[PDB]
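Protein chains in written order, with the authors' numbering: chain A, 1 to 263; chain A', 1 to 263. A prime marks a further copy of an entry chain. Below is one structure; the comments refer to it alone.
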Ligand SMILES: CC(C)S(=O)(=O)N[C@H]1Cc2ccc(Cc3ccc(C(F)(F)F)o3)cc2C1
Ligand SMILES: N[C@@H](CCC(=O)O)C(=O)O
Ligand SMILES: N[C@@H](CCC(=O)O)C(=O)O
């Protein structure tokens, strides 16, 4: 029928969406800034709709409970129809693609290792063959799933360790994993997406480092409930933005341009 | 209705599809080898269909004629229903996505520069600010389109030169562009996808080099005629193969493992 204001679910995750420092003196979409804020603006213009940014209530990306089969996070919000579109760093996975539609990816990533600077680790293989340095992942996300489902020897080795490690090596938010890297004096490494890894690397206090190659090749896509009218228009808009250079321009804006660790 | 042998259009393009040296003493699919041959086998198994590999009659990727509006190449073959699926290094573009369905990408690429070794060029900017060294692209493809449609200063500068260069700087096949790089004594550089650039770099006579960063970020997707029943199954199979590590394994097989220029 007649066009509705589109409800957008997203996640507070640097540099994609952040509360502006002065958010309290602002209302609506103006409260927020970052790569996915800007991308929301572009997609909305190109598909000709009005929208409201809403941070995902539980603060999670999206995972199905093995028992209940209930989806949580931003995926949950699409699945149960609380939100019309998710515009966030949400990784295209098989388990998600079956319950929600994904645009072609708007940004690439792969799983990667953050160390505190000077940590004697260069790779995942290094992590797997030692125990002095603890390591983990975000909860409720594609990185955790990757390790749990991996048949590859080293990642299976890593997963068997991580699932049973005491204290827990898993974290609620990316900012928590980073905090743990920075405070653990080289005795914690964090497994996170290269995109986030690279952003943080170029942020004060400039004490972290991405090491080794990526463990996989995947992408973020814009997600809509299965069969939503927004799917096709959103997918075309992503490819047009790609082809206009907008995505690279936005990547430059929120990564390189934000760099505060020198050249 | 009842399952038909699926007609697969593909292109002779190293290392994706090649005639085996002994192809003449072979019949059917067995004549061919390479990354997309193997990927065809996997997709077919996972979607449970039988298929016949056919090389695209005109040897082109796919471009619409400005006058007639006729699609040529593998895109043409899908559009006019000569083929049921294209399994090849076929770049996801906006103009193609409107006339055919694309899987999520199975491999990434970006536009890149091949030089003969010792050519005093490190970038696209370098190419644009000189004239002694000629440069071009493949005909009938996404790289040519990228330059023609670019509003970015340097690529617009490059396109204005390339479209009017005498003799023609455009080539019919990748193997022709490479041949021209190798025979032109450093006086030709070739603009081609990084994937192809990287393969050739590691092939005898080991006289070529990828220089500079990629001009864009795009991907290859499996393509089907718009609304084909194969679309969704093929798309899920690509994500499952990604997640099983098959795609990386196949990338290793046909790139690194084929390397004959040392380490
Ligand atoms: C196959 C799935 C795991 S995925 O996450 O969708 N595909 C993975 C592999 C890959 C390859 C290239 C890219 C980069 C990119 C941007 C835009 C496009 C376009 F061509 F589709 F438009 O391609 C991302 C990914 C992630
Ligand atoms: N992008 C991930 C979250 C980050 C991570 O898992 O490392 C997801 O969509 O689940
Ligand atoms: N992959 C390209 C062909 C190679 C090129 O244009 O450089 C296409 O699909 O058109």
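Even for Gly, the Cβ is constructed at its ideal location relative to N, Cα and C.
For residue 240 (chain A'), the residues of chain A that pass the 7 Å Cβ criterion are 94, in the order they occur in the chain.
Sixteen is the threshold: when 16 or more other Cβ atoms of the shown chains lie within 10 Å of the Cβ of residue 144 (chain A'), as they do, the residue is buried.
Residue burial annotation: residue 116 (chain A') is buried, with at least 16 other C-beta atoms found within 10 angstroms of its C-beta. In this structure, residue 85 (chain A') places its C-beta atom within 8 Å of the C-beta atom of residue 234 (chain A').
Under DSSP, residue 19 (chain A') shares a beta bridge with A':32. Between residue 155 (chain A') and residue 249 (chain A), the alpha-carbon positions lie close to 16 Å from each other.
Separation of residue 57 (chain A') and residue 229 (chain A) (C-alpha to C-alpha, rounded to the nearest whole angstrom) is 37 Å. The Cβ of residue 108 (chain A') sits closer than 8 Å to at least one Cβ of chain A.
The beta carbon of residue 60 (chain A) sits no closer than 8 Å to any beta carbon of chain A'.
Of all C-beta pairs linking the region 191-208 of chain A to the region 101-120 of chain A, three or more are shorter than 8 Å, placing the two stretches in contact. Under the 8 Å Cβ criterion, the region 4-17 of chain A' counts as touching the region 73-90 of chain A', having at least three qualifying pairs. Listed along the chain, the chain A' residues whose CB falls inside 8 Å of the CB of residue 194 (chain A) amount to none; the nearest CB is some 13 Å away.
Within a 10 Å sphere around the beta-carbon of residue 261 (chain A) sit fewer than 16 other beta-carbons, which makes this residue exposed. Residue burial annotation: residue 167 (chain A') is exposed, with fewer than 16 other C-beta atoms found within 10 angstroms of its C-beta. In this structure, residue 237 (chain A') lies away from residue 23 (chain A'), with their beta-carbon atoms at least 8 Å apart. Along the region 55-81 of chain A', there is no position whose C-beta sits under 7 Å from a C-beta of chain A. Using a cutoff of 7 Å, the CB of residue 16 (chain A) does not count as near ligand 2, since none of the ligand's heavy atoms is closer than that. For residue 9 (chain A), the enclosing beta strand (DSSP E) starts and ends at 6-10. The contact set of residue 236 (chain A') on chain A, defined by CB atoms closer than 8 Å, consists of 94, 97 and 98 in chain order.
Residue 169 (chain A) is positioned such that its CB atom lies closer than 8 Å to that of residue 162 (chain A). In terms of side-chain proximity, the C-beta atom of residue 144 (chain A) is found nearer than 7 Å to a non-hydrogen atom of ligand 2. The residues 170, 171 and 172, in chain order, have a CB closer than 7 Å to that of residue 139 (chain A') in the same chain once the five nearest residues on each side in sequence are set aside. Taken through DSSP and simplified to helix, strand or coil, residue 118 (chain A) comes out as coil. Membership of residue 109 (chain A) in any alpha helix (DSSP H) is not indicated; the residue belongs instead to the beta strand (DSSP E) covering 107-109.
In this structure, residue 234 (chain A) has its CB at a distance of at least 7 Å from all heavy atoms of ligand 1. With a threshold of 7 Å, the Cβ atom of residue 105 (chain A) does not count as near ligand 2, since no heavy atom of the ligand is closer than that. Residue 70 (chain A) is classed as exposed because its beta carbon has fewer than 16 other beta carbons within 10 Å across all chains shown.
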